[PDB]
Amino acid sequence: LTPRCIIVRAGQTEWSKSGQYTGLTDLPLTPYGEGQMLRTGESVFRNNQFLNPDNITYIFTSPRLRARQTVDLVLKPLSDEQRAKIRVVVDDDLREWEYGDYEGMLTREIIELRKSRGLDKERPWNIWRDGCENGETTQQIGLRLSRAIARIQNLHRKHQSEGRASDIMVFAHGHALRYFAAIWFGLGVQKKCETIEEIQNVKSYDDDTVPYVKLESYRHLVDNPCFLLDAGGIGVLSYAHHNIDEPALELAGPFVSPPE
């Protein structure tokens, strides 16, 4: 089977339901968000079989509690045996956009704050181009997500060459995963790794079974990719023509027609 990257956004939180920007703030899932992530896992493993546990090799997660809680609940339907054959890796490159000054704020409130600081005179604020004051720029996030992508695709290639199926999961956040999905299939711009930041190993994860990939170049966005992904939403990124060098977006998300 063509290897896939299954992306999963953390379930609902107090902020995510009210539209407030959650980055580093370590919010838990609301009680609704736990229920929601439980039913999601039953849907994908049980009532439908969008995911086959035997084919999951790796699960990568943001270190945020809401992401790790989401791994916990979505994987509930698995047996201890299926779990034993799955590796879980906490990766700091998968955290949300660092919002800096905009932590816990709404879009309309961010626009208002920037207006008062004398910004966005010629054109409206666009996070994907502009980033966040005292937070991350679009290249900083595009760089760390590029590193995780290269590790995931290297694993995929290694597994395909060992002749095995490889679904790898990624549990993270609304902005980071939209960004992740966009650059995966080739949106944005290529930049060579030249500066100190672009070239250093930052040691964002610690699992010796995941080879670190030193990038010569990375991708970042300069505009809105125009994606939707709700709390607890599931995307699928794969490859065209069984070829790791042809990374593609799966339009059906996790949906597949039931077998005969």
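Each residue number is its position in the shown sequence, starting from 1.
S.K.: Given the B-factors recorded for C-alpha atoms, which segment has the greater mean, 75-83 or 173-181?
M.R.: Higher mean C-alpha B-factor in the PDB entry: 75-83.
S.K.: Quick check: 141-149 versus 127-135, which has the larger average CA B-factor in the record?
M.R.: Looking at the recorded C-alpha B-factors, 127-135 comes out higher on average.
S.K.: Using only the C-alpha B-factors in the record, can you name which of 48, 62, 57, 30 has the highest?
M.R.: So the option with the highest C-alpha B-factor is 48.
S.K.: Thinking about Cα B factors across the chain, which third does residue 156 belong to?
M.R.: Answer is middle: the recorded C-alpha B-factor places it there.
S.K.: Which third of the chain holds residue 215 when residues are ordered by C-alpha B factor: lowest, middle or highest?
M.R.: It falls in the top third of the chain.
S.K.: Per the entry's values, where does residue 167 land by CA temperature factor relative to the rest of its chain, in the lowest, middle or highest third?
M.R.: Residue 167: CA B-factor falls in the middle third of its chain.
S.K.: Considering every modelled residue of the chain and its Cα B-factor in the PDB entry, is residue 189 in the lowest, middle or highest third?
M.R.: Highest third.
S.K.: Where does the C-alpha B-factor of residue 202 rank in its chain, lowest, middle or highest third?
M.R.: Residue 202: CA B-factor falls in the highest third of its chain.
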